[PDB]
Amino acid sequence: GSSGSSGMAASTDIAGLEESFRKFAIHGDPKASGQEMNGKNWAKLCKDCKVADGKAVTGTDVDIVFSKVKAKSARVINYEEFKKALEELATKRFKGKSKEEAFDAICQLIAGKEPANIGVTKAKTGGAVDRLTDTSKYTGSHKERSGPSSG
């Protein structure tokens, strides 16, 4: 008779979210300590973690949220803000779940998941349009009279 040997434990808190965030936060960046997260990584994190399905949550929405949590000054976001975006993409991502449930649901997508490459195909080529109206002023006959300054 062997019978099971030990087996028990509890878990109320996520305990993995902030762990994953840091990863994506310091994604590649060896200098990154995992205190800040660039919108480029944030969005990505909301991609690899399959947080931004694209339907309910669009890379544009997350982009806005990311710029809605941070400041026109700051360029990165902090966990505090990060979780804020998740909250906005929580009810926007999931159905009509609870603020906590939805948030915990979106966390269940990150918490545990890593920014690792992961053998998965998903992306979409995208560019931008540049331009700038150039009035370009041109004169011919002007500045006839001469003077030092006093006039």
# chains A, B, ... in the order shown; residues from 1 in each chain; ligands from 1

call {"tool": "residues_around", "arguments": {"residues": "stretch 24-27 of chain A", "least_positions_apart": "6", "cutoff": "9 Å", "atoms": "only C-alpha atoms", "output": "VMD selection string"}}
result
chain A and resid 33 to 38 41 to 42 44 to 45 114 to 116

call {"tool": "select_by_dssp", "arguments": {"residues": "stretch 3-151 of chain A", "states": "strand (DSSP E)", "output": "MDAnalysis selection string"}}
result
chainID A and resid 36:38 76:78

call {"tool": "write_last_selection", "arguments": {"atoms": "C-alpha atoms", "output": "PDB file, in the first residue's frame"}}
result
ATOM      1  CA  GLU A  36       8.422  50.124 -16.664  1.00  0.00           C
ATOM      2  CA  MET A  37       6.759  48.806 -19.797  1.00  0.00           C
ATOM      3  CA  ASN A  38       6.875  50.353 -23.249  1.00  0.00           C
ATOM      4  CA  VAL A  76       6.393  53.992 -20.542  1.00  0.00           C
ATOM      5  CA  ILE A  77       3.853  52.577 -18.119  1.00  0.00           C
ATOM      6  CA  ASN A  78       4.111  51.106 -14.641  1.00  0.00           C
TER       7      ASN A  78
END

call {"tool": "select_by_dssp", "arguments": {"residues": "stretch 65-101 of chain A", "states": "helix (DSSP H, G or I)", "output": "list in words"}}
result
residues 65, 66, 67, 68, 69, 79, 80, 81, 82, 83, 84, 85, 86, 87, 88, 90, 91, 92, 93, 99, 100 and 101 of chain A

call {"tool": "write_last_selection", "arguments": {"atoms": "N, CA, C and O atoms", "output": "CSV table (one decimal), in the first residue's frame"}}
result
chain,number,residue,atom,x,y,z
A,65,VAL,N,-5.5,53.1,-24.5
A,65,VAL,CA,-5.6,52.8,-23.1
A,65,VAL,C,-4.2,53.0,-22.5
A,65,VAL,O,-4.0,53.6,-21.4
A,66,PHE,N,-3.2,52.5,-23.2
A,66,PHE,CA,-1.8,52.7,-22.8
A,66,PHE,C,-1.4,54.1,-22.6
A,66,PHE,O,-0.6,54.5,-21.7
A,67,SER,N,-2.0,54.9,-23.5
A,67,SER,CA,-1.7,56.4,-23.5
A,67,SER,C,-2.7,57.1,-22.6
A,67,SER,O,-2.7,58.3,-22.4
A,68,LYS,N,-3.7,56.3,-22.0
A,68,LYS,CA,-4.7,56.8,-21.2
A,68,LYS,C,-4.3,56.6,-19.7
A,68,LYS,O,-4.7,57.3,-18.8
A,69,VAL,N,-3.4,55.6,-19.5
A,69,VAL,CA,-2.9,55.3,-18.2
A,69,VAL,C,-1.7,56.1,-17.9
A,69,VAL,O,-1.6,56.7,-16.8
A,79,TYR,N,3.4,49.0,-13.6
A,79,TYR,CA,2.5,48.0,-13.2
A,79,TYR,C,1.1,48.5,-12.8
A,79,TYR,O,0.1,48.1,-13.3
A,80,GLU,N,1.2,49.6,-12.0
A,80,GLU,CA,-0.1,50.2,-11.5
A,80,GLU,C,-0.9,50.6,-12.8
A,80,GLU,O,-2.1,50.3,-12.8
A,81,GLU,N,-0.3,51.2,-13.7
A,81,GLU,CA,-1.0,51.7,-14.9
A,81,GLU,C,-1.3,50.4,-15.8
A,81,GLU,O,-2.4,50.4,-16.4
A,82,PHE,N,-0.3,49.6,-15.9
A,82,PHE,CA,-0.5,48.4,-16.7
A,82,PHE,C,-1.8,47.6,-16.3
A,82,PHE,O,-2.6,47.3,-17.2
A,83,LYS,N,-1.9,47.4,-15.1
A,83,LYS,CA,-3.1,46.7,-14.6
A,83,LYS,C,-4.4,47.5,-14.9
A,83,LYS,O,-5.4,46.9,-15.1
A,84,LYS,N,-4.2,48.8,-15.0
A,84,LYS,CA,-5.3,49.7,-15.3
A,84,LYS,C,-5.8,49.4,-16.7
A,84,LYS,O,-7.0,49.4,-16.9
A,85,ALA,N,-4.8,49.3,-17.6
A,85,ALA,CA,-5.1,49.0,-19.0
A,85,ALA,C,-5.9,47.7,-19.1
A,85,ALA,O,-6.8,47.5,-19.8
A,86,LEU,N,-5.3,46.7,-18.4
A,86,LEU,CA,-5.9,45.4,-18.4
A,86,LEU,C,-7.3,45.4,-17.9
A,86,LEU,O,-8.2,44.7,-18.5
A,87,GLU,N,-7.6,46.3,-17.0
A,87,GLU,CA,-9.0,46.5,-16.5
A,87,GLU,C,-9.9,47.0,-17.6
A,87,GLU,O,-11.0,46.6,-17.7
A,88,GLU,N,-9.3,47.9,-18.4
A,88,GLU,CA,-10.1,48.5,-19.5
A,88,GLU,C,-10.2,47.5,-20.6
A,88,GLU,O,-11.2,47.6,-21.3
A,90,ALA,N,-10.2,44.4,-19.9
A,90,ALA,CA,-10.7,43.2,-19.2
A,90,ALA,C,-12.2,43.0,-19.6
A,90,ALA,O,-12.6,42.0,-20.1
A,91,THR,N,-13.0,44.1,-19.4
A,91,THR,CA,-14.4,44.1,-19.7
A,91,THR,C,-14.6,44.2,-21.2
A,91,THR,O,-15.7,43.9,-21.7
A,92,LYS,N,-13.6,44.8,-21.8
A,92,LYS,CA,-13.7,45.0,-23.3
A,92,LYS,C,-13.3,43.7,-24.0
A,92,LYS,O,-13.7,43.4,-25.1
A,93,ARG,N,-12.4,42.9,-23.3
A,93,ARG,CA,-11.9,41.7,-23.9
A,93,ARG,C,-13.0,40.6,-23.7
A,93,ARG,O,-13.6,40.0,-24.6
A,99,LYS,N,-15.9,43.2,-12.9
A,99,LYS,CA,-14.7,44.0,-13.0
A,99,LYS,C,-13.5,43.1,-12.5
A,99,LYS,O,-12.4,43.2,-13.1
A,100,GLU,N,-13.7,42.4,-11.4
A,100,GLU,CA,-12.7,41.5,-10.8
A,100,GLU,C,-12.5,40.3,-11.7
A,100,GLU,O,-11.4,39.9,-12.0
A,101,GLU,N,-13.6,39.6,-11.9
A,101,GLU,CA,-13.6,38.4,-12.7
A,101,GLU,C,-12.9,38.6,-14.1
A,101,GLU,O,-12.0,37.9,-14.4

call {"tool": "closest_residue", "arguments": {"among": "A:53, A:104, A:48, A:18", "to": "residue A:118", "atoms": "only C-alpha atoms"}}
result
A:48

call {"tool": "closest_atom_pairs", "arguments": {"of": "stretch 22-67 of chain A", "to": "stretch 124-140 of chain A", "cutoff": "12 Å", "atoms": "only C-alpha atoms", "output": "CSV"}}
result
residue,atom,partner,partner_atom,distance
A:47,CA,A:124,CA,11.6
A:54,CA,A:124,CA,11.3
A:59,CA,A:124,CA,11.1

call {"tool": "write_last_selection", "arguments": {"atoms": "N, CA and C atoms", "output": "mmCIF file, in the first residue's frame"}}
result
data_model
loop_
_atom_site.group_PDB
_atom_site.id
_atom_site.type_symbol
_atom_site.label_atom_id
_atom_site.label_comp_id
_atom_site.auth_asym_id
_atom_site.auth_seq_id
_atom_site.Cartn_x
_atom_site.Cartn_y
_atom_site.Cartn_z
ATOM 1 N N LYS A 47 -0.653 40.636 -26.838
ATOM 2 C CA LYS A 47 -0.763 39.896 -28.084
ATOM 3 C C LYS A 47 -0.328 38.448 -27.852
ATOM 4 N N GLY A 54 -8.480 41.305 -30.980
ATOM 5 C CA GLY A 54 -8.582 42.159 -32.151
ATOM 6 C C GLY A 54 -10.029 42.596 -32.386
ATOM 7 N N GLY A 59 -5.621 46.597 -31.305
ATOM 8 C CA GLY A 59 -4.311 47.165 -31.039
ATOM 9 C C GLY A 59 -4.398 48.682 -30.854
#

call {"tool": "atom_distance", "arguments": {"atom1": "atom CA of residue A:28", "atom2": "atom CA of residue A:103"}}
result
26.5 Å

call {"tool": "atom_distance", "arguments": {"atom1": "atom CA of residue A:43", "atom2": "atom CA of residue A:56"}}
result
14.4 Å

call {"tool": "closest_residue", "arguments": {"among": "A:3, A:11, A:108, A:73", "to": "residue A:49", "atoms": "only C-alpha atoms"}}
result
A:108

call {"tool": "atom_distance", "arguments": {"atom1": "atom CA of residue A:60", "atom2": "atom CA of residue A:19"}}
result
25.2 Å

call {"tool": "decode", "arguments": {"residues": "stretch 17-58 of chain A", "atoms": "C-alpha atoms", "output": "PDB file, in the first residue's frame"}}
result
ATOM      1  CA  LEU A  17       0.918  38.322 -13.390  1.00  0.00           C
ATOM      2  CA  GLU A  18       3.524  40.823 -12.259  1.00  0.00           C
ATOM      3  CA  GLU A  19       5.937  37.984 -12.926  1.00  0.00           C
ATOM      4  CA  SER A  20       4.928  37.838 -16.571  1.00  0.00           C
ATOM      5  CA  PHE A  21       4.633  41.592 -16.956  1.00  0.00           C
ATOM      6  CA  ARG A  22       8.223  42.107 -15.875  1.00  0.00           C
ATOM      7  CA  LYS A  23       9.292  39.594 -18.496  1.00  0.00           C
ATOM      8  CA  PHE A  24       7.481  41.480 -21.233  1.00  0.00           C
ATOM      9  CA  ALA A  25       8.498  44.740 -19.599  1.00  0.00           C
ATOM     10  CA  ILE A  26      12.171  43.839 -19.744  1.00  0.00           C
ATOM     11  CA  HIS A  27      11.469  42.001 -22.979  1.00  0.00           C
ATOM     12  CA  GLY A  28      14.919  41.748 -24.514  1.00  0.00           C
ATOM     13  CA  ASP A  29      15.962  44.975 -22.833  1.00  0.00           C
ATOM     14  CA  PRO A  30      18.702  43.644 -20.544  1.00  0.00           C
ATOM     15  CA  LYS A  31      18.880  47.006 -18.816  1.00  0.00           C
ATOM     16  CA  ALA A  32      15.173  47.008 -18.055  1.00  0.00           C
ATOM     17  CA  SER A  33      14.651  46.095 -14.420  1.00  0.00           C
ATOM     18  CA  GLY A  34      10.977  45.345 -14.933  1.00  0.00           C
ATOM     19  CA  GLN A  35       9.609  48.541 -13.437  1.00  0.00           C
ATOM     20  CA  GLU A  36       8.422  50.124 -16.664  1.00  0.00           C
ATOM     21  CA  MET A  37       6.759  48.806 -19.797  1.00  0.00           C
ATOM     22  CA  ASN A  38       6.875  50.353 -23.249  1.00  0.00           C
ATOM     23  CA  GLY A  39       3.590  50.594 -25.114  1.00  0.00           C
ATOM     24  CA  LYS A  40       5.300  48.590 -27.832  1.00  0.00           C
ATOM     25  CA  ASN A  41       5.886  45.763 -25.385  1.00  0.00           C
ATOM     26  CA  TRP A  42       2.649  46.333 -23.508  1.00  0.00           C
ATOM     27  CA  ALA A  43       0.609  45.904 -26.668  1.00  0.00           C
ATOM     28  CA  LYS A  44       2.770  42.945 -27.616  1.00  0.00           C
ATOM     29  CA  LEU A  45       2.229  41.475 -24.171  1.00  0.00           C
ATOM     30  CA  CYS A  46      -1.455  41.880 -24.935  1.00  0.00           C
ATOM     31  CA  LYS A  47      -0.763  39.896 -28.084  1.00  0.00           C
ATOM     32  CA  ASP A  48       1.428  36.984 -27.063  1.00  0.00           C
ATOM     33  CA  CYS A  49      -0.848  36.528 -24.073  1.00  0.00           C
ATOM     34  CA  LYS A  50      -3.671  36.643 -26.592  1.00  0.00           C
ATOM     35  CA  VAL A  51      -5.179  39.545 -24.686  1.00  0.00           C
ATOM     36  CA  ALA A  52      -5.933  41.623 -27.758  1.00  0.00           C
ATOM     37  CA  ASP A  53      -8.091  39.255 -29.774  1.00  0.00           C
ATOM     38  CA  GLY A  54      -8.582  42.159 -32.151  1.00  0.00           C
ATOM     39  CA  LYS A  55     -12.364  42.011 -32.152  1.00  0.00           C
ATOM     40  CA  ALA A  56     -13.399  43.397 -28.786  1.00  0.00           C
ATOM     41  CA  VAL A  57      -9.877  44.640 -28.169  1.00  0.00           C
ATOM     42  CA  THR A  58      -7.994  46.293 -31.005  1.00  0.00           C
TER      43      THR A  58
END
